[PDB]
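This report concerns only the one structure given below.
Only this structure's heavy atoms are used, side chains among them; waters, hydrogens and symmetry mates stay out. Every chain is numbered from 1, with letters handed out A, B, ... down the list of sequences. Remember, it's 1-based here, ligands and their atoms both numbered in the order they're listed.
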2 protein chains.
Amino acid sequence: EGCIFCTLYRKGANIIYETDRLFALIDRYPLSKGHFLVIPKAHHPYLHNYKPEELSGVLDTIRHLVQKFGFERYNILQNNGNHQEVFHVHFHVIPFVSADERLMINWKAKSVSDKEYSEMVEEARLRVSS
Amino acid sequence: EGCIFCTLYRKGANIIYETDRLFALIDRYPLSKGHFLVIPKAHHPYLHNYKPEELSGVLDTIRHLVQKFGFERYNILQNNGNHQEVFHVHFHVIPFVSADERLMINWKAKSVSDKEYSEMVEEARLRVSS
Ligand SMILES: [Zn+2]
Ligand SMILES: [Zn+2]
């Protein structure tokens, strides 16, 4: 077998929208009605593997499609090496339909000392500055 | 009270990175070590409320920061009216640290008839074409 998204673009069937750099598909296994995908034509496993040229216009295309589809409530999700099934970057756009039909996150947030946060901020500045 | 992200940008403290249109903060209540936020300076509740000018460079800035931070495994998440606490668009970048320290999604996917999928694709084409 080879990459499903490269294969689907090559086959050229069921593509709902296309730009110079991107194409869109309705998800065959949706979390919610209207769940679609915005996908760069170029193939790399992770977002940081792309040059800017290969990723041109993702958020614009998402905006364009949610407007055409009439979606007001939705989540954008992109997965790098966590919950990633397919190793070709793709952006999920997942409409909120109802409580049992939507993106479902278990948001277990940790709290930090102010000083653990001051440290975290300083460390981030060090990384940015390197 | 008024918008936390507008307030935090105005106060100008703890900003880790900035571009003409965006700024970044380390999340004060992280899902995982290094969880940060890329935030447009301009204020609207939802992604589709922004013009392209106000959203310029989000994915580039995310790429830039994950590279500076050395993150290889991470999720990008943006919430419009589902699991949204703050009504000013912000992109979560959430590193995968371990199984109990990462973005946790309950991925309950539905299956469809080929013909329910052919219908879904046709309906999407109709919406795009309108
Ligand atoms: Zn591919
Ligand atoms: Zn704001």
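Listed by chain and number, the protein atoms of type N/O/S under 2.8 Å from the Zn ion (ligand 2) are B:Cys3 SG, B:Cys6 SG, B:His43 ND1, B:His88 ND1; waters are omitted.
With contacts defined as side-chain heavy-atom distances shorter than 4.5 Å, the pair A:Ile94/A:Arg102 does not qualify.
With no hydrogens or angles considered, a side-chain donor-acceptor pair links A:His92 and A:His35 at under 3.5 Å.
Between the side chain of A:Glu101 and the backbone N or O of A:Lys33 there is at least one donor-acceptor pair closer than 3.5 Å.
The stretch residues 35-44 of chain B participates, sequence neighbours left out, in these salt bridge (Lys or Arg N to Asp or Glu O under 4.0 Å) pairs: B:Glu18-B:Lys41.
Listed by chain and number, the residues in a ring-ring contact (aromatic ring centres under 6.0 Å, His included) with B:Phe96 amount to none (sequence neighbours excluded). Residues that satisfy the side chain to side chain contact (heavy atoms under 4.5 Å, CB included) test with B:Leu8, not counting sequence neighbours, are B:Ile4, B:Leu25.
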